[PDB]
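Engineer: The structure under discussion is supplied below as structure tokens; questions concerning it will follow.
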Amino acid sequence: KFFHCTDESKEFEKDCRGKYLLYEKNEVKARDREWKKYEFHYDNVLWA
Amino acid sequence: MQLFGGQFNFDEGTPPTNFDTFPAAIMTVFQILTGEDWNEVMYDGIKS
Amino acid sequence: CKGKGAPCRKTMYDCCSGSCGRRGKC
Amino acid sequence: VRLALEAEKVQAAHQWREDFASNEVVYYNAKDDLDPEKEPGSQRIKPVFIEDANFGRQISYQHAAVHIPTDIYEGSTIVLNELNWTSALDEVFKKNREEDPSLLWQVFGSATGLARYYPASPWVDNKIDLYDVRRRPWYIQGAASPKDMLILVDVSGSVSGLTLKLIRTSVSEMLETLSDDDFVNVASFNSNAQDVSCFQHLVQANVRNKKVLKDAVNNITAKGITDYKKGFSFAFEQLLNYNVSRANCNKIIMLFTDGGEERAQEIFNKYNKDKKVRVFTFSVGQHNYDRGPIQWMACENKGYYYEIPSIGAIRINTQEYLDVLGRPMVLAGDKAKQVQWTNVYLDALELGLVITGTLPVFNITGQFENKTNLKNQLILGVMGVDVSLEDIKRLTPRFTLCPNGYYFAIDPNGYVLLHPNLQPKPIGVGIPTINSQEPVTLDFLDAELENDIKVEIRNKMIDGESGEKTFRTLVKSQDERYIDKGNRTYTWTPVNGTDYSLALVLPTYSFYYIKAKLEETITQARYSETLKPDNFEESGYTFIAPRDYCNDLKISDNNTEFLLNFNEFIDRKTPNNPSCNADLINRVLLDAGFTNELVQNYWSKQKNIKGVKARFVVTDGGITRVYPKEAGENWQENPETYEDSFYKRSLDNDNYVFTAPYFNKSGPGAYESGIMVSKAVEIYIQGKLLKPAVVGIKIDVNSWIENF
Amino acid sequence: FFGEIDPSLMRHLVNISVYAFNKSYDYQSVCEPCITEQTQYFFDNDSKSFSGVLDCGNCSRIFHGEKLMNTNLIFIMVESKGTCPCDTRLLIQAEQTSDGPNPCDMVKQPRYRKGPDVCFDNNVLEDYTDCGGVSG
Ligand SMILES: *[C@@H]1O[C@H](CO)[C@@H](O[C@@H]2O[C@H](CO)[C@@H](O[C@@H]3O[C@H](CO)[C@@H](O[C@@H]4O[C@H](CO)[C@@H](O)[C@H](O)[C@H]4NC(C)=O)[C@H](O)[C@H]3NC(C)=O)[C@H](O)[C@H]2NC(C)=O)[C@H](O)[C@H]1NC(C)=O
Ligand SMILES: *[C@@H]1O[C@H](CO)[C@@H](O[C@@H]2O[C@H](CO)[C@@H](O[C@@H]3O[C@H](CO)[C@@H](O)[C@H](O)[C@H]3NC(C)=O)[C@H](O)[C@H]2NC(C)=O)[C@H](O)[C@H]1NC(C)=O
Ligand SMILES: *[C@@H]1O[C@H](CO)[C@@H](O[C@@H]2O[C@H](CO)[C@@H](O)[C@H](O)[C@H]2NC(C)=O)[C@H](O)[C@H]1NC(C)=O
Ligand SMILES: *[C@@H]1O[C@H](CO)[C@@H](O[C@@H]2O[C@H](CO)[C@@H](O)[C@H](O)[C@H]2NC(C)=O)[C@H](O)[C@H]1NC(C)=O
Ligand SMILES: *[C@@H]1O[C@H](CO)[C@@H](O[C@@H]2O[C@H](CO)[C@@H](O)[C@H](O)[C@H]2NC(C)=O)[C@H](O)[C@H]1NC(C)=O
Ligand SMILES: [Ca+2]
Ligand SMILES: [Ca+2]
């Protein structure tokens, strides 16, 4: 349950492909969508 | 909640460690006691 | 989940990787 | 029409595949680098672009291109499924161009976001592409009907902070989706509702009213405790005001809030029992309030429910209400399919001023046999073909009239389709505050507004009638410094079948024109031996108007190149036969002969005169002959005869006209060039009146100083 | 423009109806920092005598104006400008960047127009289940 998409709108992994837009102040830029795991997670007893 | 209850609606969003509701207030107080990021919370209180 | 290099506030904890940096950017 | 029929049939024949072999769909994507030297279901095309002067860009006729916006993935299942059934449109795209070679663009906007235009050209060349075919004005026009929109913004303590900024941006963007045919007013309500701007009832969604509403919503504040029962009772009253002008259909209310607990059943049961007013509810921002009531209001009152959690969702969640609005025109069958032309706007692919005809496409899977109607109430997309204003100007020749005569056409909203003072620039909206998507809508009365006559004429042409009106008017000079009180004759007639109304303005002295004779091959010889580059020494520097005479002949900005090309053309062929404009060339050479005879016989007798600096002559027929050699460099006038301010000024005056020079300008002042005085040449062939030329004098400043 | 050089005499000429003025708005114009206002002057009395007194700044300057018959020029001769001080309030004729007409007054008296008559806004066969709340 510690999987997140670089674009928060796309909930599932199959959706997280292509390019998405960032709206930061006084600019509009486009970056890749990436399906990533959080840096600290709970996947096995060692990671926990 | 009396001092900072209604003034964490900043232009960048409401912080998770807000004093809006009671369950949110308890966690913010608990976090300060453990000492993690108590200065960042204080910065929000001063800015508010 | 704000992107890297976007203005950030540490209390938000919304930064995608790591945390909000000293200079105020992810 | 035929494109829509083919698209409907092919989409009806399609199968919903959900598995592609990574190479099954083939297209161009119109946005990839031409040299990658290197996808989930697609195989790219490397096309060949040569050139085309008809477009200015580099085009390929072998296939159509596809534009998929940055936000949307290029390899999702729905996109690939559309690519298959839209690959069939390429043959019809080719066929239509084969029938009529003059077609510029043939675009198919899709409900999913991709667009296919036939002439394959790369997308436009800070380079983040924000284009979305579902937001362009032609798509919005063809996807629904004119609306009566009342945005009901919610101001309250809760919406303070980020939610207020998101509401501001969302209101601005959704305002950007309206058109001239649509009426909009923005309201707000904390505890008692009030209008956000000076407007009180409803205003047409012009380019000015929209700006006023945007400023008013950008100057908004959040206070108080929300009361829905007053805001809705206010909106419903402003949607019942019939004292003013409105589209009178598609009455729709937009509620921009975050969330609450009141559903206000009594207000809806009081105002909207027959369900004639749609309600769309938007839950803006990231919050934890109860969104249940607003969904219920969107369900009971015919509508749909949206959510905007961040800036990146504003565009999509504000451009979707047209999908709901287009259901009744889908269910109308083959009766809502009428070609409807948009306003004049700048093409997205750098083509200038164009207008677009739009035709919706319906989803007709399972139409022949009566099973499927679940999703058959949404449009597939809107077709579109672009016709440039240059073609329409070509259909209305203006070289048989005087420079003071012209055509103009008006749509039912009053905006000009053709007019000499219409230029390819966006319409100004106000003073430029310190620190290309909008239509070019210029009203007819923004040429020279006259209360008595040019208002009734405009109202008659808008109504779709024909008549004539001769009256004494005021005309503004081309240099925008002088005004003449001339006599003009407005004649208008409707363009039947469409809604535009064409008119022709003609002064009294322009009721006749000189048509040149065929003459003979000998006349061509010595009428051409006058304007040679080495020959304008004893005849004075000779100009020529860049009017297209021959198809091979090319217009050039520099006059010397055009003069040389004209000389070589008239030498190398006869004028009339090689599919050229016989009348234009014949009249140009007739003017050349007349002017050469004049300059030689009269001006050559007196080489120098005490008070004159240059003797010039300009004739209707695109030739100008400044007699002094050194004075030819000071001629700053337009080589085109029909665009000379002094020529048009002198035509309207029965006496001598003095043209004041320019002050504090980088060009030569009135001390080495002189003061320009011009007189209009007047002739009486038979009893008729004609003014085919204007002559003049450049007065020496020092001589007149010592004479004064 | 003679308004820039001698504003008082130009204003007096306009007041005694020598140069008529009436202005237009240019919407397709560019500005350095846009709607632009324009002004043009012309004749409106087609007569010749045109004699009056300025009474400018308690230093009256008698002026005589005659128009050349065949040309479109006018000869105006004033007593002096520098000797008699007056207000300047320069009368510019050049295009100036300014806001257009007030939109509120304009929409109070809208121009004539004919909207499209075809409209499809309701139909009993339309399905209303796609509300958006249950679909997400
Ligand atoms: C024009 O209208 C026609 C019908 O009027 C329409 O064709 C229909 O398209 C839909 C897809 O949008 C097909 O839907 C089928 O339904 C199944 C079951 O739901 C889907 O399989 C999963 O569905 C879930 C959600 O239910 C979703 O995650 C995803 O769609 C699927 N998930 C996975 C893991 O596969 C399929 O989408 C689909 N089934 C199959 C076997 O493909 C209808 O079947 C289509 N109906 C007909 C008669 O063809 C068409 O799209 C409309 N035109 C346009 C341009 O949209
Ligand atoms: C979307 O992709 C589809 C999958 O490739 C394309 O559909 C395939 O097109 C083929 C033509 O190149 C068909 O092959 C022919 O089909 C006929 C059916 O009548 C049969 O005789 C043979 O299978 C074959 N005949 C010949 C002489 O090659 C495929 O049947 C067809 N379907 C598949 C492969 O499932 C579509 O063309 C493409 N979308 C569009 C709009 O073209
Ligand atoms: C303008 O709209 C109003 C209501 O929106 C109409 O109502 C009338 O208002 C005038 C104003 O004094 C009065 O005659 C009455 O208050 C109203 N008359 C009724 C309700 O019959 C008004 O009629 C509209 N304007 C015109 C010219 O009809
Ligand atoms: C457009 O078509 C209409 C027909 O609907 C034309 O109106 C008719 O014109 C003919 C002569 O051309 C008259 O004899 C008829 O009496 C007209 N019918 C009317 C006025 O109802 C109209 O002239 C056409 N216009 C153009 C510009 O072609
Ligand atoms: C626009 O300019 C014209 C040019 O003179 C004006 O026409 C005259 O204006 C004066 C007063 O300004 C009136 O006394 C005359 O009767 C007008 N002449 C005619 C034929 O009407 C005009 O008034 C100016 N203003 C407008 C709004 O058009
Ligand atoms: Ca610690
Ligand atoms: Ca509230």
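Numbering, chain C: per Swiss-Prot, residues 3-28 in sequence.
Quick check of the header: electron microscopy, 3.1 Å.
Note that Cβ sites are derived from N, Cα and C of the backbone, with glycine treated the same way.
The following feature annotations were taken from Swiss-Prot:
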type	residues	note
DISULFID	C:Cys3-C:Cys18	disulfide bond
DISULFID	C:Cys10-C:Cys22	disulfide bond
SITE	C:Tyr15	site 'Important for Cav2.1/CACNA1A calcium channel binding'
DISULFID	C:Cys17-C:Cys28	disulfide bond
MOD_RES	C:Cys28	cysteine amide
Engineer: By the criterion CB under 8 A from chain B, which of the disulfide-bonded residues C:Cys3, C:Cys17, C:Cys18, C:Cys22, C:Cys28 would you report?
Structural biologist: none
Engineer: Any same-chain residues 6+ apart from C:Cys17 (disulfide bond) with CB under 8 Å of its CB? Would you list them in sequence order, or say none?
Structural biologist: C:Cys3, C:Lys4, C:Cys10, C:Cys28
Engineer: Out of the recorded positions C:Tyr15, C:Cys17, C:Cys18, which are near chain A, with a C-beta less than 8 A away from one of its C-betas?
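Structural biologist: The recorded positions close to chain A are C:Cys18.
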Engineer: Rounded to an integer, what is the Cα-Cα distance in Å between C:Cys22 (disulfide bond) and C:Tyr15 (site 'Important for Cav2.1/CACNA1A calcium channel binding')?
Structural biologist: 7
Engineer: If we count other C-beta atoms within 10 Å, could you say which of the disulfide-bonded residues C:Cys3, C:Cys18, C:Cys22, C:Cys28 has the fewest?
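Structural biologist: With the disulfide-bonded residues C:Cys3, C:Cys18, C:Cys22, C:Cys28, fewest surrounding Cβ atoms within 10 Å: C:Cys3.
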Engineer: Taking DSSP three-state, what's C:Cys18 (disulfide bond) in: helix, strand or coil?
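Structural biologist: Note: C:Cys18 (disulfide bond) is coil by DSSP, not helix or strand.
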Engineer: Where's the emptiest Cβ shell within 10 Å among the recorded positions C:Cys10, C:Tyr15?
Structural biologist: C:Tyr15
Engineer: Which state, by DSSP, holds C:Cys3 (disulfide bond): helix, strand or coil?
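Structural biologist: Where C:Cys3 (disulfide bond) sits, the three-state DSSP reduction gives coil.
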Engineer: Near ligand 5, meaning Cβ under 6 Å from any of its atoms: which of the recorded positions C:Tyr15, C:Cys18, C:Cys22, C:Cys28 fit that description?
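Structural biologist: Near the molecule: none at all.
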